[PDB]
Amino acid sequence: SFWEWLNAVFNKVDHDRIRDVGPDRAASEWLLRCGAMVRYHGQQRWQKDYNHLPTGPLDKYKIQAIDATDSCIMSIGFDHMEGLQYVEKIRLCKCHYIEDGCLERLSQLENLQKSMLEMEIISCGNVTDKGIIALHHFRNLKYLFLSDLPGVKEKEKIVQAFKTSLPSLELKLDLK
């Protein structure tokens, strides 16, 4: 369908673009075109309008936090995360196209395993226990907030899993 093609091309990585402007800028463009927001290290304010992303020096701004609320990010789109070195915080909220495979993809990026401190996954209806468990590879995670994930059916097992694999994790669960 047209709409499927459109979502795919919103997500698809342009590796020329990564070469030209660097991973953080290329990922910022992906996220904002897909309805997400980013915040750079050293800045208080968020980037929320694509057209206002900075044009100041090449590869200077580094993503610290991502807030993808009501966003069409999915699957291959997350390949834009591969070159990012400093991402500490990700919120995925009402990301209706995200699935376990998206979380798996993220969890396998060693760059994210090194940097990630906080993750929030809220009202992403496809996510299941499988996708959540994959997040144990984020070995430095300090905060994980899960909310309104009806596909997550065994929350007590999730708690016990993380209690072993990430004993210092603050795990906040608002799950039925």
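Throughout, we count residues from 1 along the sequence that is shown.
If you average the C-alpha B-factors over 48-56 and over 119-127, the higher value belongs to 48-56. The question of which stretch, 140-148 or 57-65, has the higher mean Cα B factor is settled in favour of 57-65. Ranked within its chain, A27 lands in the lowest third, by CA B factor from the PDB record. Ranked within its chain, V38 lands in the lowest third, by CA B factor from the PDB record.
Sort the chain's modelled residues by C-alpha temperature factor and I133 lands in the highest third, per the entry. Remark: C102 belongs to the middle third of its chain, ranked by C-alpha B-factor as recorded. Among all modelled residues in its chain, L92 ranks in the lowest third by Cα B-factor.
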